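What follows is a set of notes on a single structure, which appears directly below.
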Amino acid sequence: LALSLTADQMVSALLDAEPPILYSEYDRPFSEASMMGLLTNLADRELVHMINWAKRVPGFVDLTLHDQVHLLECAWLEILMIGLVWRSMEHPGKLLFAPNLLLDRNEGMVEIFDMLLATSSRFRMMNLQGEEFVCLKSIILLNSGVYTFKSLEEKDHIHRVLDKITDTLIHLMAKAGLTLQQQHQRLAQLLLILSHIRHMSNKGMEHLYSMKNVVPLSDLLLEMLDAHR
Amino acid sequence: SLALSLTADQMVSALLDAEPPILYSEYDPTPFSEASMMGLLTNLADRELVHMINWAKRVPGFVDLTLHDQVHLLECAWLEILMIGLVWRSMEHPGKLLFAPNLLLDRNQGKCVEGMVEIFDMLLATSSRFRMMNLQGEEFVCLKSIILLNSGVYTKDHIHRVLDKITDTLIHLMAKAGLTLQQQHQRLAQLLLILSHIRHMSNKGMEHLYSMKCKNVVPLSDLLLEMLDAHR
Amino acid sequence: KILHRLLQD
Amino acid sequence: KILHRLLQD
Ligand SMILES: C[C@]12CC[C@@H]3c4ccc(O)cc4CC[C@H]3[C@@H]1CC[C@@]2(O)C#Cc1ccc(N)cc1
């Protein structure tokens with residue numbers, strides 16, 4: 001089914017599937033544990049929408065439940081991070097976790113914060129478009145866990161969908177007037193950022209393993225934690 | 001400065017000529033234990049780092065960078081570069097990792113060290129992916145230098161200008177092999193997305209190397225410890 | 001796990 | 001650091 005979608009049908013399907021931007025419970029005194037509780041509470045509520053967003057990504061439902069679980073267990077934090085970086089693009093030097101939760105740079109979380117800020121500045125410098133963002137986010141979902149999958153094993157179906165999204169990114173850049181050289185360079189620049197997003201996610205998992213201390217975590221968030229550890 | 005003026009073939013030839021040699025492990029093997037197998041691997045990694053440092057200086061454009069920037073890029077990418085080299089020379093040995101010509105290990109031997117079977121299966125899968133894709137040596141040296149320049153750039157316009165040229169070099173190779181325009185950008189995307197998994201394997205390996213220093217059983221060299229300390 | 005039941009819906 | 005020496009040599 002996903003193999004029949006044109007480039008515009010691919011974009012429109014991914015745009016229609018976009019989850020909403022949820023709100024934080026931010027108000028008034030703020031302990032470092034209270035600030036983290038707002039972020040983990042927000043991430044938990046976002047996880048429910050991401051799960052239903054994934055089922056709308058073309059090809060994801062064609063997979064086994066076991067592989068759908070595996071792809072989400074590996075990519076859930078990368079997808080939260082690229083969404084945060086996306087909606088923080090128009091706010092230089094600040095991270096927009098929620099519309100009412102705009103955090104500037106001011107224990108160890110400052111390393112993750114600066115890396116997310118640098119990713120947001122890189123997206124802003126490149127003038128990243130929404131149609132490109134939804135493609136990159138769906139690539140992360142399908143690519144982050146494909147290398148960690150017996151012989152029954154059509155994972156070429158994922159690579160077939162991955163190649164379809166790659167054609168979509170090129171179709172987008174060709175519409176923006178970019179030459180063939182500029183299309184290939186921009187495509188490479190976007191995918192190389194996914195390596196840094198993976199790096200931020202791995203460093204985030206190490207911080208999240210340390211938190212599972214006093215700051216409470218939801219049952220779904222703890223299950224996503226046990227996958228990487 | 002000077003890298004941007006090369007042609008696509010001059011870039012390939014320069015990267016191929018800069019390739020570090022395949023080093024050997026310490027002979028007289030004796031099966032391996034947890035302490036002995038890790039000693040051979042860390043001894044090998046330390047000797048390869050010396051060659052990697054000189055290989056990096058031969059990557060076009062890398063010397064145009066500040067000493068501080070050269071330090072930062074190598075500190076962030078050294079384990080990814082070791083891994084993509086191991087994966088590359090393990091291609092024609094399916095199910096086995098060619099750490100050295102005299103140190104070919106399979107998944108069974110990775111169980112001598114706890115938690116190493118996960119890294120082993122991840123490294124074996126990457127090698128099978130390259131073998132499935134029929135990865136060429138000209139493409140390999142492009143990917144390896146891309147890791148060097150990209151892995152630390154986010155933590156600078158000259159570096160991204162060199163990355164664009166290596167990208168043009170990648171497309172130039174695929175257009176050489178007869179690949180159509182659609183096959184070129186699809187293969188380009190497939191190769192670059194594998195770098196995300198190589199980043200993941202490196203991060204998992206760094207945690208083991210840190211827990212390895214905190215064990216003090218297998219010795220780590222001062223150079224290898226300094227590269228570790230930069231990730232803490 | 002919760003991820004399985006939420007994918008079932 | 002040792003990395004400084006080898007990059008200059
Ligand atoms: C760096 C490393 C040992 C050396 C290896 C090595 C050596 C030479 C080379 O050309 C490439 C590589 C790539 C993989 C490297 C290992 C990946 C796993 C490793 O990080 C380790 C370890 C480890 C694992 C488990 C425990 N318990 C302790 C240490």
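Every chain is numbered from 1 and lettered A, B, ... according to where its sequence line falls, protein lines coming before strand lines. Note that ligands are numbered from 1 as they come in the structure, with each ligand's atoms numbered from 1 the same way. Because only heavy atoms are used, hydrogens play no part in the values below, and waters and symmetry mates are left out as well, while side chains stay in.
Considering B/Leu209, B/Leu224, B/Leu79, B/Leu123 only, the shortest heavy-atom separation from atom 1 (C) of ligand 1 involves B/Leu79. Nearest-heavy-atom check against atom 10 (O) of ligand 1 across B/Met116, B/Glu34, B/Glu48, B/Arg47 picks out B/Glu48.
Set against the non-hydrogen atoms of B/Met38, the atoms of ligand 1 under 4.0 Å away are 21 (C), 22 (C), 23 (C), 29 (C). Close contacts of ligand 1 with B/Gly205, meaning ligand atoms under 4.0 Å from a residue heavy atom, involve 20 (O).
Of the charged side-chain nitrogens involved, at least one lies within less than 4.0 Å of a carboxylate oxygen, so that B/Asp9 and B/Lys176 count as a salt-bridged pair.
At least one heavy atom of B/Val113 sits closer than 4.0 Å to an atom of ligand 1. For the pair B/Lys213 and ligand 1, no heavy-atom separation below 4.0 Å is found.
Between B/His200 and B/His197, the ring planes are tilted. Angles from 30° to 60° get that label.
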Q.
For A/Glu78 and B/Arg199: C-alpha separation, side-chain torsions, deciding distance, then whether salt bridge (charged side-chain N to carboxylate O under 4.0 Å, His left out) applies.
A. CA-CA 13 Å; A/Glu78 300 186 56; B/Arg199 183 80 73 111; over 6 Å; no
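The closest side-chain donor-acceptor pair between A/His184 and B/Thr167, if any, does not fall under 3.5 angstrom.
Between A/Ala43 and A/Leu80, the shortest heavy-atom contact is CB-CD1, 3.8 Å.
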